[PDB]
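Chains as they are written, first to last, in the authors' numbering: chain A, 1 to 128, 135 to 188; chain C, 17 to 53, 58 to 112; chain B, 1 to 17, 22 to 84, 91 to 97; chain D, 471 to 495, 508 to 627.
Positions of the beta carbon are idealized from the N, C-alpha and C atoms, including for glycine.
Only one structure is covered here, and it is reproduced in the block below.
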Amino acid sequence: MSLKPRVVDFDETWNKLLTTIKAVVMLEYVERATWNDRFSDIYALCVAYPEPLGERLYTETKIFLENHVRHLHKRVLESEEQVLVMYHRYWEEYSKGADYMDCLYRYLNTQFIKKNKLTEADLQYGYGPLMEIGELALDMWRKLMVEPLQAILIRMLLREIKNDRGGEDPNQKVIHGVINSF
Amino acid sequence: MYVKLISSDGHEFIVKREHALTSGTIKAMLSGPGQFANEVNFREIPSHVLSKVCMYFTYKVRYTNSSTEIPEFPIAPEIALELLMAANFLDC
Amino acid sequence: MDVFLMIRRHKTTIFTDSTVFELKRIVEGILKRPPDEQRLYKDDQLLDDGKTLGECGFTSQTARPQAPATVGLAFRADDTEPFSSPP
Amino acid sequence: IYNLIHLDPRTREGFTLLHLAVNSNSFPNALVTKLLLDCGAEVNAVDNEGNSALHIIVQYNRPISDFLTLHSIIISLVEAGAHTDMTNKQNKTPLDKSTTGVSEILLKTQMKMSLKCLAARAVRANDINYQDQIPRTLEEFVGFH
């Protein structure tokens with residue numbers, strides 16, 4: 001049966017989820033027998049007889065995303081004269097990374113989160135922040151990857167467009183992706 | 017257009033694809049690196069519960085938006101709890 | 001559409017909604037087996053062919069989605091358990 | 471407006487602002515209900531007798547009076563959240579307490595069934611120890627259903 005609430009240990013489950021949650025932010029192969037089984041572990045954590053453990057999981061997955069965001073900043077801020085392609089090759093992967101992970105955290109979004117958050121009415125007219139996984143990975147790309155970099159990205163574009171005006175053959179897809187990112 | 021469903025006990029069940037998309041979790045397990053190119061392996065569900073879970077889909081799809089008065093689902097008292105803790109997981 | 005039965009077989013169960025030849029055809033289309041290889045062991049007797057399911061005996065009013073009827077099709081051999095104990 | 475509904479001004483028998491707004495003391511004001519719901523209020527509220535918003539408008543008793551306004555509050559209630567099978571202070575449902583045959587058929591257009599609802603009833607009707615053997619969250623959900 002094995003569906004009634006039990007007692008679980010954070011370390012054993014979290015040192016097992018990390019390996020498979022690190023291979024989905026960058027596209028690789030995961031067996032079709034582990035993607036189906038780890039759907040029963042994120043449920044066991046949310047129902048533990050001594051105490052719920054969801055908040056610690058949320059705190060830890062934020063820190064996991066932070067380091068992955070920050071290391072790509074290191075790799076890009078030192079790329080020379082070819083920043084544009086380097087900003088596209090990783091944006092394309094990281095965009096598909098988020099929605100393939102949002103599915104794995106459906107239970108957290110449905111039950112724990114969205115129940116203690118702010119209402120749309122609270123957002124409007126002032127008066128009155136917990137935020138959903140898969141939309142949290144899109145607010146650590148704005149603050150640590152483009153805002154610390156919004157000089158070179160604008161400057162290399164506003165001259166490539168001018169060169170195209172004067173006669174030039176730039177790759178349409180590369181430029182179009184970068185503008186579509188914003 | 018057919019999807020398999022393996023239970024923890026071992027008994028295997030087969031139902032139409034469109035008849036097994038009423039549950040969000042079964043849709044999530046089929047979207048991603050789990051395109052399975058299908059057989060979905062449940063690790064903590066017995067067989068008797070899964071039988072009635074499969075039976076519920078046809079009852080829901082057939083008697084929807086129908087003027088005819090709808091009958092009542094028969095549920096045995098003994099197993100009633102397990103369908104609840106399974107529908108919580110499957111979000112049916 | 002008035003019948004809803006399960007083609008149960010050893011460790012397997014297929015769910016489907022006018023004669024037995026078409027049922028063998030569907031069982032083929034699902035399991036990929038020769039039409040002659042597979043036949044019925046319906047309720048301790050070997051059903052005939054050409055006759056519609058109405059003449060075999062199953063009535064629509066006693067075969068509804070809430071309580072489908074079992075149809076034994078364990079004829080895989082050549083060309084011719092209980093689910094679980096509740097706790 | 472939001473500053474006031476951010477606190478509960480419940481008075482009398484635990485009646486909320488919506489409960490007063492939806493009953494004849508103003509019996510049915512379509513714009514008032516829409517504005518109140520948009521400003522933000524608990525669509526599910528419990529009074530001394532446990533009745534919800536739907537439990538009050540169902541006994542209107544004047545179907546001819548506002549047969550075009552009795553089809554506004556109901557749709558506004560079902561949207562933005564509503565629970566259609568709560569039992570209060572005794573075994574009774576919004577459909578069960580329907581005094582008029584008009585309301586009994588007006589409701590039927592907008593509900594939807596789920597296995598959780600059909601499983602909840604049998605647990606309570608056939609009373610078994612439904613405490614401490616289930617997840618904590620569902621303990622409350624099996625209470626009003």
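- At least one beta carbon of chain B lies nearer than 7 Å to the beta carbon of C:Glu28.
- Residue contact with chain C for D:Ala607: absent (no Cβ-Cβ distance below 7 Å to any residue of chain C).
- Taking CB atoms only, A:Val47 has a neighbour in chain D less than 7 Å away.
- Looking at the backbone, the Cα of B:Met1 and that of A:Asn116 are separated by about 48 Å.
- C:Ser23 sits away from C:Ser71, with the two beta carbons spaced by 7 Å or more.
- About 5 Å separates the CB atoms of D:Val540 and D:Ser585; that is less than 8 Å, so the two are in contact.
- Closest option to D:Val514, judged by alpha-carbon separation, among D:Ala523, D:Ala491, D:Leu600 and D:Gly583: D:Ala491.
- With fewer than 16 other CB atoms across the displayed protein chains lying within 10 angstroms of its CB, D:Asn611 is exposed.
- The distance from the Cβ of B:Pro39 to that of B:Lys28 is about 5 Å, consistent with a contact at the 8 Å cut-off.
- In this structure, C:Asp111 keeps its C-beta atom at 7 Å or more from the C-beta atom of C:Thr38.
- A direct Cα-Cα distance of roughly 18 Å separates A:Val85 from A:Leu150.
- The C-beta of A:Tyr90 comes no closer than 7 Å to any C-beta of chain D.
- By a beta-carbon distance limit of 8 Å, A:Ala33 contacts C:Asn61. Their separation comes to about 7 Å.
- For B:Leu5, there is no enclosing alpha helix (DSSP H); the enclosing beta strand (DSSP E) has its first and last residue at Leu5 to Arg9.
- In this structure, DSSP gives A:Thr13 a helical state, which the three-state scheme calls helix.
- Here D:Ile610 carries a coil assignment [DSSP, helix/strand/coil].
- Under the three-pair Cβ rule at 8 Å, the region 97-117 of chain A does not count as touching the region 169-181 of chain A.
- If you draw a straight line from the Cα of A:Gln178 to the Cα of A:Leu72, it is about 24 Å long.
- The criterion of a C-beta distance shorter than 7 Å is not satisfied by B:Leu77 and B:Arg37.
- Residue-level contact by beta carbon holds for C:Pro66 and chain B, with a gap shorter than 7 Å.
- Here B:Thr12 carries a strand assignment [DSSP, helix/strand/coil].
- For secondary structure counted as the alpha helix (DSSP H) over 4 or more consecutive residues, the region 555-598 of chain D holds these complete runs in sequence order: 555-560 and 583-589.
- Taking 8 Å as the upper bound on Cβ-Cβ separation, chain B lies near residues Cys74, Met75, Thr78, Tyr79 and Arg82 of the region 72-87 of chain C.
- Residue nearest to B:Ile34 within the set C:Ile30, C:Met45, C:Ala44 and C:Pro97 is C:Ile30 (criterion: CA-CA distance).
- D:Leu490 carries a helical assignment under DSSP once its states are collapsed to helix, strand and coil.
- For the pair A:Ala121 and D:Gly522, the CB atoms are nearer than the 7 Å cut-off.
- Secondary structure at B:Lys36: coil, using DSSP grouped into helix, strand and coil.
- With fewer than 16 other Cβ atoms inside 10 Å of its own Cβ, D:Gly583 counts as exposed.
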